[PDB]
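There are 4 protein chains.
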Amino acid sequence: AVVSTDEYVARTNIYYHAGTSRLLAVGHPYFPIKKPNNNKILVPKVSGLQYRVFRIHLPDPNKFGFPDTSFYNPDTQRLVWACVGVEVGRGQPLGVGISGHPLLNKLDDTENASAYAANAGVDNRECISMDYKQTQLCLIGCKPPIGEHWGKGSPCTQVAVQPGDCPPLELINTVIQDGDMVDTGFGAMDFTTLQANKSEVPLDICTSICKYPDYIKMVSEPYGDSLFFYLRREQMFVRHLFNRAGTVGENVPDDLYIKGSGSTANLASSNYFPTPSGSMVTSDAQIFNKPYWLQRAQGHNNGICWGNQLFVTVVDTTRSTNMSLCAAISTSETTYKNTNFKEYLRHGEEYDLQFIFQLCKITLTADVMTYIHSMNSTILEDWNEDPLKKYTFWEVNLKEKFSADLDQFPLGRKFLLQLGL
Amino acid sequence: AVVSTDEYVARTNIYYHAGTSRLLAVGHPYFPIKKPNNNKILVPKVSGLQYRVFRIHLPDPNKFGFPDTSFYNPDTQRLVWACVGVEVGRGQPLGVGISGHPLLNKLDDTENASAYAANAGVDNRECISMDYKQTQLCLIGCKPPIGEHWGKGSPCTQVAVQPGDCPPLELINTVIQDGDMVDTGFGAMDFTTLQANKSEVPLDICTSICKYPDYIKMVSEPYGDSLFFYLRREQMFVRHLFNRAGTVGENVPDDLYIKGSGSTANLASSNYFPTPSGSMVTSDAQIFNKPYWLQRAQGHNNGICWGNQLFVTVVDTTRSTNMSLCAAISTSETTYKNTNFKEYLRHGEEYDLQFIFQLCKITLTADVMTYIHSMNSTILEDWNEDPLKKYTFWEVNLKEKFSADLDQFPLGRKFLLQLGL
Amino acid sequence: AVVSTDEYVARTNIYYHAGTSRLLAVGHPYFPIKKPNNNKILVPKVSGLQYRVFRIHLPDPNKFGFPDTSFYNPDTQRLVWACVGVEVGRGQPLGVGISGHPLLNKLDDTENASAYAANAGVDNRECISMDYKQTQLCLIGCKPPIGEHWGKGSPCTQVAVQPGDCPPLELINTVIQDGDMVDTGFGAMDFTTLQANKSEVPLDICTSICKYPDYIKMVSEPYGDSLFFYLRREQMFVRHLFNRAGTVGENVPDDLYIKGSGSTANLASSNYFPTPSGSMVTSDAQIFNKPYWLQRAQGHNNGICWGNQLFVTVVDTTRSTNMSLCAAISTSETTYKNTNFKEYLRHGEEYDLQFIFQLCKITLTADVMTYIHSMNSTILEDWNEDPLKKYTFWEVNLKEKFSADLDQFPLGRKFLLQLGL
Amino acid sequence: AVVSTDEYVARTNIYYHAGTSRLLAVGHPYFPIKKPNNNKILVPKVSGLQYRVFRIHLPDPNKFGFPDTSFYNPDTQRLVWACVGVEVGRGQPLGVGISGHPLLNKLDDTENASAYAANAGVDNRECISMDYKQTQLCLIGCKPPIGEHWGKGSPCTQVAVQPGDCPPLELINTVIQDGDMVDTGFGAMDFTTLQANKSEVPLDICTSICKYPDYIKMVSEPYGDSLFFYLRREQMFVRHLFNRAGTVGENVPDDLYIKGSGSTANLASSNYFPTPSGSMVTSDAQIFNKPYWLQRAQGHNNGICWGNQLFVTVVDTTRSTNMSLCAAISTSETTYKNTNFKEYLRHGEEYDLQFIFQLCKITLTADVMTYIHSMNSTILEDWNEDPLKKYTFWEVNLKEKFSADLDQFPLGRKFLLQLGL
C-alpha cells in the first residue's frame, strides 16, 4: 500500500529561498538555423509553442552546510528538500505569434462557395499561416512529465500494407522533453510518421511531434512523483474551414448521397480540416507571475523532492510574439528594392524561476527503509550517473542559490506574509 | 405513492472505489469504413459528436465476498450499491472538429447579395463544411437515457399523400444508444426519413438521427431511475446564412409582398437555413475531470443502482479534433503530386471513468417487498437474460474493479478529503 | 388607496401542484400554409419569435372538493388560489433560427464601398436573410400582458396628406395575444400600416406587428394584476449596414454637405438600415427550466389569481431552430435534379408548465367587499361569459390537474426542499 | 540585509493632499511637426501609445512650514513624505486610435489564398493601418521606472559580419522616459537598429523603441524603490496574417517540405507577421479614476518618497482616439475638390493626478545613518544638481499644492471615508 509522505517525512522549521537569475532564450521560431554542409546548430529553434522542461538541481541537504545541525540526528535520519512555494516569472510583453507553411496542403475554401470548385491538378498547395491555439500550463513534480500523442502503430501480420494504405494509430506515452512542441490545434500526434505529405501543417510542427500532458496517467501514478501540482488553461476556435488536396484514401459511401452530374459529377475532397485560432490573450487570464503554494498535494508525494531534483514544466503561448528584423545589403540607393533587404525572424523567451523550500527529516527505521527502498531504491543508495541521460531538458543548477533570508526576496516576502509565522 | 430511497434503503459505512483502466476509441469521424462487397465494419465511425452511453456492470453485493459480513442479516435483508461519486476523465487535448458534405444543398449566400442571384439549374450543390454546435453533457442513472427527436409521423387516413407532399412531424421518444448523434445545430430530427435530398446536412448526421435528451420526461419519471444527476452545457451561433435549392414545397402567400419584374419577377428560394458554429472551446468551461458528488438527488431514487447496473451518458465536443493522416504511394519523386498521396481522416476519443460506491442494505419487510415489487419486480426475482439486448451501449465491466482502499486512488482521495470522515 | 393583498387575503397551509402534460406546437416558421381558394388554415405559423400567452384555468377553490373544509367558514369567507411557484419547462435543443425575404428592400452595402454605387433602377430588391435579436422573457400575472408598438397615428385636420407623405406615428398600447411577434431588431412597430413597400423586413414580421411588453405601464398599474413577476433578457448587435432603395421622402438639408459632381453629383440613399444579430445562445444564460418563487411581489397583488385565472407570457428565441425537410417526387434516377425534390420548412416548440398554488381565504367584511368591489366587481359576482373573447391565447385547463402530493412532482420536491416546512 | 521601512520610518498623524490642476497634452499622433530647414519642434508627437512618466516634486518636509512642530525633534530626527493614496484621473472619452504606414512591408495575404501568389517585384509595399494592442498600466515608486527591449547586440570578434547578415539580439535594460513608446503588438524592440527596411511597422513606432516594463527586475530590486505599487492590463489578438517582402535571410531547410514545380517551384516568403488588434475598450475594465491605497507594499520601501520625489508612470490606450481636422484653402466653390482641403491629424491627452501624503519621521541613530547611507548616501547629504538630467520626464511641481484639508478634495474625502479615522 502507498502512503502519504506526511506519514514518514518530518517537517522542520527551516526554510530556504532559491531562484534562477533570469533565464533567456533566443532563436528562430520555426526551425533551427545551421550550416548546410554541416549539422552543428548555429541558431536554435525557440518558439512560444514549445514545452520548457526545467531539471532543477538542488544541493544535497545532507552534504549541505547548515549553521546549526542540532535539529536532527545524522545517524538515525536523513534530510530531503520539500517544495512549498513556486513562482514562474515570465518577462516579455503579452502577444500572439503566428506560423505557416509556403506549401500548405489546402485545396479550396469550404466555408462558403458560390460554385463548384475547379479540379485538383498537380500541387495546389498555398502559402498559408495561422494563429495557433492558446495554451498555458505548469506541471511540477520530482519526476519528468509524461505526455501522450498518436503515432504510427505496428501493423498486424496479415494483409500486406498496400502502398498508400492508411497507417494504423496508437496512443504513445513519452517523456516530455524540453523543446518538444505543444498541440497547436491539430491535436497531439507525430506528423512526421503520420503525414508523408510534409505539408499538412505549418513548418514549426511539420516534422515534429505535438505532445499533450497525460494528466490521467500521471495522477493515477501510485506514488505521484511525476506531478504533485499543475495548472492548465487552453482555448481554441475555428478560424477557417478548408479542403485537403491529394487522393481519396477512403471513398465516401454512396448510400450517403445522390450522385451528381456535369460539374457535380465528381465528388470534391471531403477531407476537411479547420484552421485553429487561440483568441485574444489577456493579463486577467495569466497563470504566471503569481506564487503557487504547494501545501496539500492530491497525490501521496506531498512535494518531496526525492533525489534533490525537481521538475518544472511550462508552456506559455501568451507571449509568442515573433519579431522580424531585416538588414540592408546596401545603405546607398534611396529607392526601396526588395532585393536590397534580407528578412529574418527571431523569437525571445524570458523566464525567472523562484522557489521556497522546507527542510525535512526521515528517521530511517526498518519499515521506512523497506518502503523507500521499494518506492525507489536509488533514494537510499544515494544517501549515506544520470538515469535520464537519454532525455534533454533545460538544466538548472541551484546548489549555490539557496538562502535562509526569505526576507531578501520577493517570493520570500510573499511566503512569510502568506504563512504568517 | 412513490417515496425517496432514503426511506427504505439503509446506508452502511462501507465504501468502494471502482474505475475503468482507460477507455480508447479510434475510427473515422464521418462514416464507418467497410468492405464494399461485404458489410463487416473494418473501421468504425468515431466522432466527438456521438453520444457515449456506458452500461456499467457492478458485482452483485450479495454474491460479493466481503471480509466482514456482520454488518447485516442475509436473512431479513439484501444489499445494493449506491453511487456516491463520479469522475468522468477525458484525455485528449481540447480542440474543435469540422464536418461537411461534398454536395450540400446550398443555393446562394443570402447573408448579403449585390445583385439578384442567377437561376437554379440542375444540381447547384456545393462542397461545404462547418463547425458544429458545442455540447457538453453527462447523465447518470440506473436506467438507460431517453431522447427526443422529430421524425415522420403517421399520416391521417384521408387526403392521399401526393408525391413530394411535406411529410408530417411527430416527436418521437427513443432510447439513447451508444454511437447515436447529438443535435449539431440543425435540431434533433431523423434526417434519413425527413430529407430525401440526402444533401441537407454534412455526411456524419446526413443519414442518422440527431437526438436530444428528453430532460423533461426523465425528471417527470415517478421513480427517477433513468437519471438522478446531470450536467448540460450547450452553445451555438449563426456563422452563415444560406438558401436551399430545390422546388417550392409551399409557396409564399402573395399578400406578403409586391410582385417583382424582369429579374425580380421570379421569387428566389426563401427556404433559408443557417450554418451553425459552436464558438471557442475553453478549459475554464470544462465539465469533466471534476468529481461529481451525488449526495442529494432531486428524484426519489437517490443514486441507488438497482440491478447492480449504472448508466453514464456523455457527449463532449470540446475535443473533437480530427486528424488527417496521408501515406505516400511512392517514396521516390522529389516533386509533389496529389496523385502520389492517399489522404485519410481519423478521430480519437479517450475516457477514464471512476466511481465511489456506498454499500446499502434493505430489510425485506412486507411493505418494502410490495413497493419494490411494484416499482420493478425484477429486483426481488434477481435477489435470493438482458432486458435491453436490442439496444447497444459501451459495455463496461467493473465486477473485478472494486477496491476498499479509496486511499489508493485519485477519486478516492478526493472523496475522503471531501467527506472528511 | 390601494393596499397589498397581504392585508385582506389570508394564507392557509394547503398547497397544490398543477402542470400541463407537455404542450407541443408545430408549424411553418414564416407564414401559415392554407388552401389558396380557401382561407382555412392547414398548417399554422409557429416561430420562436412569437409570444406565447397562456391563459391558465384553475378549478374554483370554492366549488373544489377538499378532503377537509374545517380550515375556513364558507359563510363569512371565500377562497382564492395564490401562485407561489412556477417552472417554465422548455424542451428542444438550443439553437438559432433565421428569417429573410426574397425581395428585401436592400440597395447597396454601405458598410464599406470602393466606388460610388451605380444608380437605383426599378426594383433592386435582393433575397436576404438574417438572425434576429435574441430575446428571453417571462411575464406572470392574473390579467393578460400589455404591449406597446408604433403604428400610424391619426392625422391632424389641416394640410391634406399628399400621397406618399410620411405617415404620423403614435405609440399604441395593445393586449399581447398568443402568436403575436416580438421585436426582432427593427423595433416594435406595425409594419403593415407603416410600410407600403411590403419588403422592408423578412416575411415572418413583414405584415405583422412586433410588440414590446410595456413594462413601465404594467408596473405603474395601481393594483398590479397584469404582472406580478417577470424576467427579461434581450441582446442584439449590428451584423450588416445597408441602404434602402426607393425615393427620397425627405431630402438631406444641403447645409450638411458640399455638392458633389460627376458620379457624386447625385446623392445616394442615406436611408440606412442595419441587419440585426442576436449573438450566440448559451445554457448558462437560460431563464427557463428553473423554478421561480413568487414570494414577495413588487406590486400590491402578491400573486393572487383573482377569477381563478393566471397568465404566463413567454418568448424564447434560444430554440428557434427551423428544420428543412424535403421529399422526393420520384425515387428513381440516381442523378440529383433540384426539381425532383420539394423543399419545405417547419419549426417545433416544446413547453411544460408547472405551478405550486397556495390556498387563501378572504373574510368578506364590509370594507373588504367595498374594496374588492371597486377593484374588480366581477370577483364578488362570480363568488357565491368570457370578458376577453375578442383576444386569443393558448388555453390551458388545469381544473383536473391539481394534486396535494407535491412530493410526487419535480417542481413539488423543489418547493418543499426550498421552503423547508 | 535590507529591511522594511516600517522598521526605521515612524508614521505621524499628519496627512496632506496634493494634486495637479489638470494636465493637458496635444500634438500629432505619429510624429512631431517641425520646420524642415530647422529642427525646432513646432508640434510635438502626442499618442495614446506613449508612456507618461511623471516626475513629482514634493516640498521638503524639513524646509516646510508646519503650524505645529512639536510632533518631532529636528535635532535627533528628520522628515520624509510617504505616499498613501493615488488617483490617476483621465479625462477624454474612451476610444480607439489607429496607426499605419503608407509603405508597409506587406507582400501578400497569407490568411487564405485561392492560388499561389505572383512574384515579388521591386517594392510591393502597401498603405496599411491597424489598431494596436490595448494596454493600461500604472507604476509608482520613488525611482524612475525601468524597461526592457531587444536591441542589436555587439558581435563576436570572429566571422566578419557579411552585409545583410541577421543582426544579433540582446535584451537591453533602459530607463523608461516620458514619451517612450509601448509595445504595440510587435513586441518590445528597437526597430530603428533592427529594421533597416524602415517599413516593417507603422510610422509612430517605425523609428522608435517600444519598451516593456521590466517588472521582474524592478521587484527583485533589493530596496524596491523603483516601484512599490503597480497595475497592468494588456490584451491582444491577431487581426490579419501577412507575408514580408524582401529576400530570404535564412532559407527554409528542405527536409521540411517537398519541392514544388511550375508555380510552386519557387517558395513564397515564409516570413509571416500578424497584424495586432486590442479589442473593444470598456468602462468596466478601467484602471484609472479609481483611488489606489498604497498601505502594504510588497517591497521593503513602503511608499517612502526619499528625496521628496515620486514617480508615476502611466500608459492608457483606452482613450487613443485621434481626431482629423481639415481646413479649406478656399471657401468659395460649392463643389468638393480634394485639392481644396488640407487634412491633418491631432490627438489630445487629459490627466489629473491626486495624492494623499503621510508625514513620517526618522530618528537619525548610528545604525539608521549607516543603513540609509549605504542605501542612498544622497538622502543624508541632502538633509540638514539633478542626477537624472540626461533623462526626460513630465515635470510636475507640487511644492505649492499641499493642503492639510483633505476634506476639501475628492481624493481627500475618499481617503477619510476609507480610513475612517
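Residue numbers (this note's numbering), protein chains in the order written: chain A, 1 to 421; chain B, 1001 to 1421; chain C, 2001 to 2421; chain D, 3001 to 3421.
Idealized CB from N, CA, C, for every residue including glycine.
For residue i, which beta-bridge partners are listed by DSSP?
{"i": "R3232 of chain D", "result": "D:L3137"}
{"i": "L171 of chain A", "result": "A:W150"}
{"i": "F1273 of chain B", "result": "B:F1242"}
{"i": "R2055 of chain C", "result": "C:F2311 and C:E2395"}
For the candidate residues the options, whose alpha-carbon lies nearest to that of residue i?
{"i": "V1003 of chain B", "options": "C:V2003, C:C2326 and C:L2406", "result": "C:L2406"}
{"i": "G1307 of chain B", "options": "B:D1060, B:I1041, B:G1164 and B:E1148", "result": "B:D1060"}
{"i": "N1289 of chain B", "options": "B:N1302, B:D1316 and B:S1277", "result": "B:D1316"}
{"i": "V80 of chain A", "options": "A:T321, A:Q309, A:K337 and A:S377", "result": "A:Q309"}
{"i": "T3005 of chain D", "options": "D:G3420, D:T3157 and D:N3301", "result": "D:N3301"}
{"i": "residue 983 of chain B", "options": "B:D1108, B:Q1358 and B:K1152", "result": "One cannot answer for residue 983 of chain B here, as it falls past the ends of chain B, which runs 1001 to 1421."}
{"i": "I1356 of chain B", "options": "B:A1001, B:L1380, B:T1020 and B:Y1391", "result": "B:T1020"}
{"i": "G100 of chain A", "options": "D:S3129, D:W3394 and D:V3252", "result": "D:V3252"}
{"i": "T3247 of chain D", "options": "A:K342, A:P167, A:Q158 and A:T135", "result": "A:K342"}
{"i": "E1111 of chain B", "options": "C:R2413, C:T2275, C:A2328 and C:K2399", "result": "C:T2275"}
Would residue i pass as an interface residue toward chain D - the criterion being a Cβ-Cβ separation below 9 Å?
{"i": "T1275 of chain B", "result": "no"}
{"i": "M375 of chain A", "result": "no"}
Can the beta-carbon of residue i be found closer than 9 Å to that of residue j?
{"i": "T2334 of chain C", "j": "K259 of chain A", "result": "yes"}
{"i": "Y51 of chain A", "j": "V314 of chain A", "result": "yes"}
{"i": "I98 of chain A", "j": "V3238 of chain D", "result": "yes"}
{"i": "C360 of chain A", "j": "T12 of chain A", "result": "yes"}
{"i": "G3027 of chain D", "j": "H3373 of chain D", "result": "no"}
{"i": "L3411 of chain D", "j": "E3007 of chain D", "result": "no"}
{"i": "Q2298 of chain C", "j": "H2017 of chain C", "result": "no"}
{"i": "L94 of chain A", "j": "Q286 of chain A", "result": "yes"}
{"i": "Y3351 of chain D", "j": "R3090 of chain D", "result": "yes"}
{"i": "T192 of chain A", "j": "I176 of chain A", "result": "no"}
{"i": "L3169 of chain D", "j": "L325 of chain A", "result": "yes"}
For residue i, decide whether its Cβ has a neighbour in chain A, counting only Cβ atoms nearer than 9 Å.
{"i": "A3001 of chain D", "result": "yes"}
{"i": "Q3092 of chain D", "result": "no"}
Using a Cβ cut-off of 9 Å (strictly closer), state whether residue i contacts chain B.
{"i": "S3261 of chain D", "result": "yes"}
{"i": "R2239 of chain C", "result": "yes"}
{"i": "residue 425 of chain A", "result": "With chain A running from 1 to 421 in the structure shown, residue 425 of chain A is simply not present."}
Would you please verify whether the beta carbon of residue i is less than 9 Å from any beta carbon of chain C?
{"i": "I258 of chain A", "result": "yes"}
{"i": "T264 of chain A", "result": "yes"}
Using a beta-carbon distance cut-off of less than 8 Å, what residues from the stretch 2313-2344 of chain C approach chain A? Listed by position, the residues of the stretch 2313-2344 of chain C near chain A (Cβ gap below 8 Å) are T2334, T2335 and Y2336.
Got a sec: which bits of the stretch 130-158 of chain A sit with their beta carbon under 9 Å from any beta carbon on chain D, in order along the chain? Within the stretch 130-158 of chain A, the residues whose Cβ lies closer than 9 Å to any Cβ of chain D are, in chain order, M130 and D131.
Using Cβ-Cβ distances below 7 Å, what residues of the stretch 172-204 of chain A are close to chain D? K198, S199 and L203
Identify each residue in the stretch 1280-1291 of chain B for which the Cβ-Cβ distance to at least one residue of chain A is less than 8 Å, and report them in chain order. Under the 8 Å Cβ criterion, the stretch 1280-1291 of chain B contributes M1280, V1281, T1282, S1283, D1284 and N1289.
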